[PDB]
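Peer 1: Shown below is the structure under consideration.
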Amino acid sequence: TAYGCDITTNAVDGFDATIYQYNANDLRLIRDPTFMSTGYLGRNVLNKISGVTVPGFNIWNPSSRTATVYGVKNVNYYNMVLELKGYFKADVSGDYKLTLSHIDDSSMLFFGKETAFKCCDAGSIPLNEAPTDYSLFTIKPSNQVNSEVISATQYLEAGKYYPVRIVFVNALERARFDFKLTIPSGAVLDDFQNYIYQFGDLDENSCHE
Ligand SMILES: CC(=O)N[C@@H]1[C@@H](O)[C@H](O[C@@H]2O[C@H](CO)[C@@H](O)[C@H](O)[C@H]2NC(C)=O)[C@@H](CO)O[C@H]1O
Ligand SMILES: [Ca+2]
């Protein structure tokens, strides 16, 4: 019923990142759509990181299985599942494209229809969440280059919010997660600041007076 609210002061910038354990050298599960969509959720959580506006990275240190990822030291980039979630806000109306390029090892992207809101005095509550059907699934062929560039373009309405989830797996060595946004102007962005948000929780007893 409401796809927006006057008061959205509880919206804050950035993807929420969750990093999970993944067995080093496992080149099977990176190709398994059930694992990439749901199965990873059963693994031990290694890190939780908020406020991420630049989600892409390309990391390979032959001398260390850890690296600084999203400002956090000693992240086990060598073998991990990364889950990024948030609400994508269209600024202007038009076609927006999300592209995954040369991913090492694999990535699956989910991008939902517009979320409805419950509007409260202290901010807005998105009602819509866990888009469950993937749009894009890209996998680096074992031991050869990932030449794949895969994209999803859809029309977004100005000011509306669209839940998004991206799952990325590195099985071993290089972690290449190249995730870009093309906006209706044609500009290609690696920085999602002012497009990607979370909504802070609020006391639902005091939603209204
Ligand atoms: C059989 C073997 O060891 N081949 C080497 C490749 O593994 C290696 O590329 C690696 O492929 C993995 C599986 O697709 C990737 O997860 C991993 O990130 C990647 N490693 C790097 C450093 O890119 C290539 C790299 O040239 O060398 C082969 O000899
Ligand atoms: Ca890899």
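Quick note on naming: the chains in the structure tokens go A, B, ... in the order shown, residues restart at 1 in each chain, and ligands are numbered from 1 in order of appearance.
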Could you give me, as a ChimeraX atom specification, every polymer residue with an atom at most 9 Å away from an atom of ligand 2, counting only C-alpha atoms and all ligand atoms?
Peer 2: /A:25,60,78-79,103-106,140,169-176
Peer 1: So that I can see what lies close to residue 150 (chain A), please list as a PyMOL selection string the residues with an atom at most 7 Å from it, counting only C-alpha atoms and leaving out residues fewer than 5 positions away in the same chain.
Peer 2: chain A and resi 99-101+136
Peer 1: Do a neighbour search on residue 126 (chain A) at 8 Å with only C-alpha atoms, toss out local chain neighbours closer than 2 positions, and write the hits as a ChimeraX atom specification.
Peer 2: /A:115-118,124,128-129,199
Peer 1: Excluding residue 179 (chain A) and residues on its chain fewer than 5 positions from it, collect all residues at most 12 Å away from it, counting only C-alpha atoms, and give them as an MDAnalysis selection string.
Peer 2: chainID A and resid 53:58 84 97:104 106:109 136 138 149:152 165:168 188:192
Peer 1: Include N, CA and C atoms and write out the residues we just selected as an mmCIF file, in the first residue's frame.
Peer 2:
```
data_model
loop_
_atom_site.group_PDB
_atom_site.id
_atom_site.type_symbol
_atom_site.label_atom_id
_atom_site.label_comp_id
_atom_site.auth_asym_id
_atom_site.auth_seq_id
_atom_site.Cartn_x
_atom_site.Cartn_y
_atom_site.Cartn_z
ATOM 1 N N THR A 53 29.789 0.873 1.326
ATOM 2 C CA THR A 53 29.265 1.483 0.108
ATOM 3 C C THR A 53 30.068 1.073 -1.143
ATOM 4 N N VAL A 54 31.318 0.643 -0.982
ATOM 5 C CA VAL A 54 32.123 0.158 -2.091
ATOM 6 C C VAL A 54 32.341 -1.351 -1.893
ATOM 7 N N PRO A 55 31.477 -2.177 -2.482
ATOM 8 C CA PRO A 55 31.492 -3.597 -2.167
ATOM 9 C C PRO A 55 32.532 -4.443 -2.921
ATOM 10 N N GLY A 56 33.011 -3.945 -4.057
ATOM 11 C CA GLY A 56 33.943 -4.703 -4.880
ATOM 12 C C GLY A 56 35.349 -4.756 -4.278
ATOM 13 N N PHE A 57 36.046 -5.840 -4.588
ATOM 14 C CA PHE A 57 37.442 -6.005 -4.210
ATOM 15 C C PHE A 57 38.096 -7.053 -5.103
ATOM 16 N N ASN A 58 39.423 -7.068 -5.122
ATOM 17 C CA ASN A 58 40.179 -8.063 -5.833
ATOM 18 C C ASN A 58 41.438 -8.324 -5.059
ATOM 19 N N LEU A 84 26.153 -9.873 1.112
ATOM 20 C CA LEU A 84 25.866 -8.450 1.194
ATOM 21 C C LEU A 84 24.380 -8.276 1.070
ATOM 22 N N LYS A 97 21.234 -1.089 -13.966
ATOM 23 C CA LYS A 97 21.875 -2.351 -14.263
ATOM 24 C C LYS A 97 22.880 -2.715 -13.181
ATOM 25 N N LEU A 98 22.819 -3.970 -12.773
ATOM 26 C CA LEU A 98 23.759 -4.554 -11.826
ATOM 27 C C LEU A 98 24.551 -5.602 -12.554
ATOM 28 N N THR A 99 25.871 -5.475 -12.505
ATOM 29 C CA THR A 99 26.757 -6.319 -13.291
ATOM 30 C C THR A 99 27.746 -6.995 -12.390
ATOM 31 N N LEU A 100 27.900 -8.295 -12.618
ATOM 32 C CA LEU A 100 28.937 -9.078 -11.993
ATOM 33 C C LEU A 100 29.936 -9.469 -13.082
ATOM 34 N N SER A 101 31.202 -9.166 -12.849
ATOM 35 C CA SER A 101 32.253 -9.349 -13.850
ATOM 36 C C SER A 101 33.454 -10.146 -13.341
ATOM 37 N N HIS A 102 33.885 -11.137 -14.132
ATOM 38 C CA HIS A 102 35.109 -11.903 -13.870
ATOM 39 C C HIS A 102 35.226 -12.380 -12.430
ATOM 40 N N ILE A 103 34.127 -12.885 -11.907
ATOM 41 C CA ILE A 103 34.068 -13.258 -10.504
ATOM 42 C C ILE A 103 34.940 -14.480 -10.246
ATOM 43 N N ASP A 104 35.717 -14.424 -9.155
ATOM 44 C CA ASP A 104 36.507 -15.574 -8.718
ATOM 45 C C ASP A 104 36.200 -15.736 -7.217
ATOM 46 N N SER A 106 32.670 -17.414 -7.282
ATOM 47 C CA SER A 106 31.286 -17.430 -7.734
ATOM 48 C C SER A 106 30.458 -16.374 -7.028
ATOM 49 N N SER A 107 29.375 -15.967 -7.681
ATOM 50 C CA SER A 107 28.457 -15.023 -7.065
ATOM 51 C C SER A 107 27.028 -15.210 -7.588
ATOM 52 N N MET A 108 26.067 -15.008 -6.697
ATOM 53 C CA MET A 108 24.653 -15.075 -7.007
ATOM 54 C C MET A 108 24.006 -13.810 -6.507
ATOM 55 N N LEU A 109 23.169 -13.205 -7.342
ATOM 56 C CA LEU A 109 22.523 -11.965 -6.998
ATOM 57 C C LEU A 109 21.003 -12.078 -6.990
ATOM 58 N N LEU A 136 21.064 -13.639 -11.146
ATOM 59 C CA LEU A 136 22.353 -13.887 -11.773
ATOM 60 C C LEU A 136 23.128 -14.884 -10.938
ATOM 61 N N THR A 138 27.023 -16.501 -11.518
ATOM 62 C CA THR A 138 28.254 -16.587 -12.296
ATOM 63 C C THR A 138 29.279 -17.412 -11.519
ATOM 64 N N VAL A 149 30.742 -11.780 -18.000
ATOM 65 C CA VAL A 149 30.183 -10.551 -17.505
ATOM 66 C C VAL A 149 28.669 -10.725 -17.627
ATOM 67 N N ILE A 150 27.985 -10.772 -16.488
ATOM 68 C CA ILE A 150 26.547 -11.026 -16.481
ATOM 69 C C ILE A 150 25.824 -9.872 -15.784
ATOM 70 N N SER A 151 24.667 -9.502 -16.321
ATOM 71 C CA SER A 151 24.000 -8.303 -15.830
ATOM 72 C C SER A 151 22.504 -8.461 -15.817
ATOM 73 N N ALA A 152 21.901 -7.709 -14.914
ATOM 74 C CA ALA A 152 20.458 -7.623 -14.796
ATOM 75 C C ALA A 152 20.115 -6.146 -14.804
ATOM 76 N N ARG A 165 20.332 -8.726 -2.376
ATOM 77 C CA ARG A 165 21.268 -9.607 -1.687
ATOM 78 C C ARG A 165 22.259 -10.145 -2.706
ATOM 79 N N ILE A 166 23.528 -10.080 -2.355
ATOM 80 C CA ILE A 166 24.560 -10.661 -3.209
ATOM 81 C C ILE A 166 25.377 -11.628 -2.382
ATOM 82 N N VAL A 167 25.578 -12.823 -2.932
ATOM 83 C CA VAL A 167 26.367 -13.836 -2.248
ATOM 84 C C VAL A 167 27.614 -14.017 -3.107
ATOM 85 N N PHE A 168 28.770 -14.048 -2.476
ATOM 86 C CA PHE A 168 30.054 -14.217 -3.159
ATOM 87 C C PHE A 168 30.844 -15.307 -2.423
ATOM 88 N N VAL A 188 28.747 4.497 -14.792
ATOM 89 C CA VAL A 188 29.036 3.193 -14.187
ATOM 90 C C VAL A 188 29.719 3.463 -12.859
ATOM 91 N N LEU A 189 29.146 2.940 -11.771
ATOM 92 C CA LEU A 189 29.623 3.230 -10.427
ATOM 93 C C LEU A 189 30.089 1.969 -9.697
ATOM 94 N N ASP A 190 31.190 2.084 -8.983
ATOM 95 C CA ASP A 190 31.584 1.023 -8.033
ATOM 96 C C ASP A 190 31.216 1.417 -6.603
ATOM 97 N N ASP A 191 30.776 2.660 -6.411
ATOM 98 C CA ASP A 191 30.403 3.209 -5.124
ATOM 99 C C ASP A 191 28.909 3.386 -5.075
ATOM 100 N N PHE A 192 28.279 2.720 -4.110
ATOM 101 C CA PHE A 192 26.812 2.686 -3.966
ATOM 102 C C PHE A 192 26.302 3.683 -2.945
#
```
Peer 1: Skipping near chain neighbours, those fewer than 3 positions away, what residues fall within 10 Å of residue 33 (chain A) using only C-alpha atoms, listed as a VMD selection string?
Peer 2: chain A and resid 29 to 30 36 to 39 107 to 108 134 137
Peer 1: Using only C-alpha atoms and all ligand atoms, which of A:20, A:197, A:87, A:77 sits nearest ligand 1?
Peer 2: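 Selected residue with least distance to ligand 1: A:77.
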Peer 1: If you run DSSP on the backbone, which residues of region 37-141 of chain A are strand (DSSP E), as a PyMOL selection string?
Peer 2: chain A and resi 45-52+57-59+67-69+72-75+80-89+94-104+106-111+117-120+123-126+136-139
Peer 1: Have a look at CA of residue 18 (chain A) and CA of residue 45 (chain A) and let me know their distance in Å, one decimal.
Peer 2: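 Those two atoms sit 7.1 Å apart.
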Peer 1: Using only C-alpha atoms and all ligand atoms, which of A:11, A:27, A:158, A:202 sits nearest ligand 1?
Peer 2: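 For ligand 1, the nearest of the candidates is A:27.
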Peer 1: Using only C-alpha atoms and all ligand atoms for the distances, tell me which of A:19, A:139, A:122, A:67 is nearest to ligand 1.
Peer 2: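 The shortest atom-to-atom distance to ligand 1 comes from A:139.
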Peer 1: To one decimal place, how far is atom 11 (O, counted along the ligand's line) of ligand 1 from CA of residue 141 (chain A) in Å?
Peer 2: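 Here the two named atoms are 8.0 Å from each other.
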Peer 1: In Å, with one decimal, what is the gap from CA of residue 127 (chain A) to CA of residue 50 (chain A)?
Peer 2: 20.6 Å
